[PDB]
Each structure stands twice: as C-alpha cells, then as structure tokens.
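One chain follows as structure tokens, the form deposited without the ligand.
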C-alpha cells in the first residue's frame, strides 16, 4: 500500500527559524512511499508475548464527563460550534454531540472519518539546511473525546505492563538515566546504540494497526469499548481523508495519524515489537530495550568489534523487512555518554559530597534557539521554561537558560506572572517563583549542587555558545552573581530562587 496520497490541494495555515506551511511540499514528498513488510517467527513470537501480557489487563470506559475533563484546554475547537473550554465545562452542546459521535461509532464500523491536516509551528536551528515542517493529522474534537472514552484507560495502563521497563514514557529524566545506567553496568562488555526510523508515522502500515488493535482487544474490556475500538481502528486509525484548514480535500492517509490518541502508545508498541523481533534476528546477546515512540536504545553484551558492527547491519535489515528502516544507520557505542536518543544522553557530574551523579542532558543548540525565539516573542509552550525544568541539572540550563531569563524577569518586574508551559503533553500555569520545589521534586536537591562536569559536556556547551553568537560561560558566571545578589536583596520567595538556582555562582 501507499503511505499517503495527494489530490494536489495545498495544506493551508491557521540562525533561528520556525517552520512554515511553505515547507510542507517537501515534507509531503519525503513521507510518501510504498510500504514493504514481511514478518517472521521472531515477529510472531514477540507479538504472542505482548498479547499474553495484555491479557492480564482490565480496562474500563471513561464516561463522557471524564473524557471531557481530560481534554486539554488549548486543543483545537470543533466543526460544530463548541470550544475545548465548552467540552471541559460540560456544555450541553459539547456533551450532546459527543454522545451522538459515540452512538455513531457503535452503530457504524466502516465509514472513514474526516481528519483535518496542517503544518506544525516548530522552531529549528541551522545545520551543516532547512528542515521542513512536520504535518499533524487530527479528527474533529468530538471524535477525540470519544477516543478517550474508549481508550484512555488502555493507553495509560497497557503499555507499561506489556513493555515493562522498556516503556520510556513512565520515567522522569532521573529515572530514565537510572534505568540506562543500571542496564549499562549490568553487561560485562556493554555495547549500545540509538535507532530511529526515517519518518516513522509513514512506515506504520495497516497491518501494524490491526496488530495493535488486536493487542488492545486482548484486554478485559467493556462490550461497548470493544466495539468503539474496532470501529475507531477501521474508520480512523488505519486511514481516512485529509482536509486543509480552508476545508479542501487534501487527499488521503493510509498510515499512522500523528494527531490521534493511540499515536504515542501505538508507535511505542509497534516500535518495541519490531525492535525485539529484530534483536532476535541479529542474535544480540542479553539485550535490553528502551522505547519512546520510534526513538530506541538497545544495550547488550558486545560480541567483539567486528561482530557487533555486523550484527547491527543484521538488526537493521530485519527492521527494514518489518517496514522500519533507519534515517541514519545505527552505530555501535562502547561509551554510554555517546548514545543520543530522544535528542538526549546520559552524562556525569558530582554532588556536594563528591559522589558521582548521573543525569540526562542534550545538545543545547535547539533549546537555546527556541529560547532565543521566545525572547522576542510571547509563546504558548514557552519551551525555554520547559527546558529549564526537564534539564535543570544541566550545566547549560543552569548557566545560560536560568541566568538569562531570571535576568529578563527581574528587569521587567514580571517575577510573579504565571506562564503557560507544556511538558509531558500537559499544559501547566507555571509561576517562576515555584521552580525550586519543582526541581527538588523532579531531580532532588542534588540538582543545585552539581559541579565538576565531564570535560566532553563542558566542551559541547562552550562550542555551542560560540557557534550561535552567545557569550562564553565566563560572562554567565559574572552576570549570574548580579542576578543572584539582586534576588537575595528581595527576600522571602525571590531570595529562595537566588539561594538555590544560582548557588553555583558564589566563589
């Protein structure tokens, strides 16, 4: 089958650079291809094991109300006169239509379902050119609430129990490091590698979705749930029409929709299944996986330099047969720090006592680029704040990000003003003054004492600043002392930010 099709209809809209609709042409050519898929007894065996595990799972329907209350606030309004606000506040219009969409889902297991197609507002930095915008594919809100009724309890319960510790989304960054480090130190001669699929969504075939759905039906589910999950699978997950923002038939989809509820769960599942099958084809020794969508880490016992190199090609051929080839091929590492997945890697520093502490970090290019963008521009995600939060132990987050921004707020008296900020698919109203508790909850107090960072990490950050035009770290130690003292002068809450978030600056 063909991954996508176009009718010719133009997807219309609704240094540092945001991606635009104008780039969507190429993105389109890149994600359209025919899918070759051929499965073996390795794929099957894995599947059977996931099903066994899915059979120990009972899931329940969410009521309309529950699904309504777990619709996110700033999600797209519906083609039927109601906001997501209206959904959240249980408006009779939202609820009534929702019920009819649900009745419609039970009564009809066939008619495809309209999905509105669009381009994403993703910011990026430059390479050595312009990466285009990814295209997001979602159905009407009324349908997205129904999706939650039928599958919310499944997607938030099943994956963890089917994939155990390999399920990446269960982990905070510290927990993720904890798992990756333990895995590593459990191999006599560890070898690991990141894998990632060349536009994964488009590689997800119809069969993968039918397989996925069949993993879902392995759960103990309400009769109505089963029906809506069959029906949603048939009328939405396997495919359906596209339609740009000006209501024009853009063509059709025959692969994963990016903007549905089963996307994160499905990709992780489907990815995990193929990767496990592929481990067994490559004959990798004592293997261990970590899967967040299509981003994958495998840690295993090394079989030798050449043996490992070879087996990774065999691992890739196998993945390819299952329709999932890599963007760039996988490369073996014998050094944990060198593995980048989820755009991030494990690295080391030292806490107050002088104990080694592992923590997650990443190339700071994009975070800085977005933080730049968002300095001259009000933003609904505020990725700068999200990054400070997630990567709070990181040298680059503490010295550049935290520093610059508490300077801007200080100067602009906005140290009490809440900001919307999206992390872990949730949208928080975050008050800057609250960061200490957050970081303490998320990484513990050691995140304010991290020092003596690995020399590789220090270099990468330094390199990165000189590349983007941003002052060296010497400046940021000076500037920080003058943001910290300013705050202590302010007492109470503000002084707590200075005590904790900038304690690294006192000589």
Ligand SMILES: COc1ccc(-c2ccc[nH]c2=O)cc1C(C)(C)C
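Rigid core (definition): largest C-alpha set, two forms, superposition within 1.5 Å. Numbering follows the first chain given and starts at 1.
Not pictured, yet referred to below: the form deposited with the ligand bound.
Undergrad: Okay, which stretch from 146-154, 239-247, 168-176, 221-229 lines the ligand in the deposited bound form, with non-hydrogen atoms inside 4.5 Å?
TA: Correct option: 168-176.
Undergrad: Do heavy atoms from each of 183, 311 and 331 fall within 4.5 Å of the ligand in the deposited bound form?
TA: No, because 183, 311 and 331 lack any heavy atom that approaches the ligand to within 4.5 Å in the deposited bound form.
Undergrad: When the contact criterion is heavy atoms within 4.5 Å, does residue 342 count as touching the ligand in the deposited bound form?
TA: Contact with the ligand, yes.
Undergrad: Although the partner isn't part of this model, could you tell me whether residue 386 comes within 4.5 Å of the ligand in the deposited bound form, counting any heavy atom of the residue?
TA: It does: once the ligand is placed as it appears in the deposited bound form, residue 386 has a heavy atom within 4.5 Å of it.
Undergrad: Although the partner isn't part of this model, could you tell me whether residue 292 comes within 4.5 Å of the ligand in the deposited bound form, counting any heavy atom of the residue?
TA: Because a heavy atom of residue 292 falls inside 4.5 Å of the ligand in the deposited bound form, the answer is yes.
Undergrad: Using a 4.5 angstroms cut-off on non-hydrogen atoms, would residue 423 count as touching the ligand in the deposited bound form?
TA: Close contact exists here: in the deposited bound form, residue 423 approaches the ligand to within 4.5 Å, heavy atoms only.
Undergrad: Using a 4.5 Å cut on heavy atoms, which of 322, 272, 315, 391 is close to the ligand in the deposited bound form?
TA: Only one listed residue qualifies here, and that residue is 391.
Undergrad: Could you check which residue among 360, 215, 141, 300 gets a heavy atom within 4.5 Å of the ligand in the deposited bound form?
TA: Checked against the cut-off, the match is 360.
Undergrad: With the two forms superposed on the core, which of 29, 44, 477, 51 shows a CA shift of 2 angstroms or more between this form and the one not shown?
TA: The only residue crossing the 2 Å threshold is 477.
Undergrad: After a rigid core superposition, would you say the CA of residue 407 moves by 2 angstroms or more between this form and the one not shown, or not?
TA: Comparing the forms between this form and the one not shown, which are aligned on their rigid core, residue 407 does shift its C-alpha by 2 Å or more.
Undergrad: Determine, after fitting the two forms on their core, whether residue 155 shows a C-alpha shift of 2 Å or more between this form and the one not shown.
TA: No: residue 155 shifts by under 2 Å between this form and the one not shown.
Undergrad: Would you say residue 417 moves its Cα by 2 Å or more between this form and the one not shown, aligning on the core?
TA: Passes the 2 Å threshold, so yes.
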